[PDB]
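We begin with a single chain expressed as structure tokens, specifically the form deposited in one PDB entry.
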């Protein structure tokens, strides 16, 4: 339970990459989320974040936080000010750590992606934190033993309207396309890396992946709004795929 924040990242758009000492009892799956208490902001509140580090990562957890309101802004400050006083001051013995409490892990149906043969992962919006975790572990599982893993093709389609806070995620995807030696991944990005503008024609993306994998079964993992959820379930049923909604 009791731990510390062992680094930060002042990532664009006020986003806060974080490094959290992973307790020896703390073993999580990909996409799992956390409840965190930082006493120096609130002695009382807990707040929830998805872990953005595959559980293959050894002895840290990375949390990409966005300052969007009180505790997250107060959080950002206790960092920039905690960091900016090691630059115009720089008393460099070693860095200290921000004591924080953590509660979890709490699960997601994501663990089923690793069990399925083909797979459509769709993030509409900004719930992309768990998908960064997932897509890393897929990398590691593919490397360490790609025969051991049923997941043979991952189709990733991402819809955001603006990526300023998410320039960290874009990089990470490019990395995945790099070490993706086996062409396990089909990453697509759409704006609402030369990526695609406008709404995707889902009728065709599903019609295409279908042909890619006949007569095998495909599983959809949707993570977005409900009016998109409905369109896809009708496509799932029209090509006989397999649907579930995360969050």
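Positions refer to the first chain, counted from 1. Here, rigid core means the biggest group of C-alpha atoms that superpose within 1.5 Å across both forms.
There is another form of the same protein, the form deposited in another entry; it is not shown, and what comes next is about it.
(message) For residue 55, does the CA position differ by 2 Å or more between this form and the one not shown when the superposition is done on the rigid core?
(response) No, its C-alpha moves less than 2 Å.
(message) Once both forms sit on the same rigid core, is the C-alpha displacement of residue 217 at or above 2 Å between this form and the one not shown?
(response) Passes the 2 Å threshold, so yes.
(message) Using the rigid core as the reference frame, would you say residue 105 shifts its C-alpha by 2 Å or more between this form and the one not shown?
(response) No; that C-alpha moves by less than 2 Å between this form and the one not shown.
(request) Since the Cα separation of residue 181 and residue 60 moves by 3 Å or more in the other form, tell me which way: closer or farther than here. (result) It is farther: in the other form, the C-alpha atoms of residue 181 and residue 60 lie at least 3 Å more apart than they do here.
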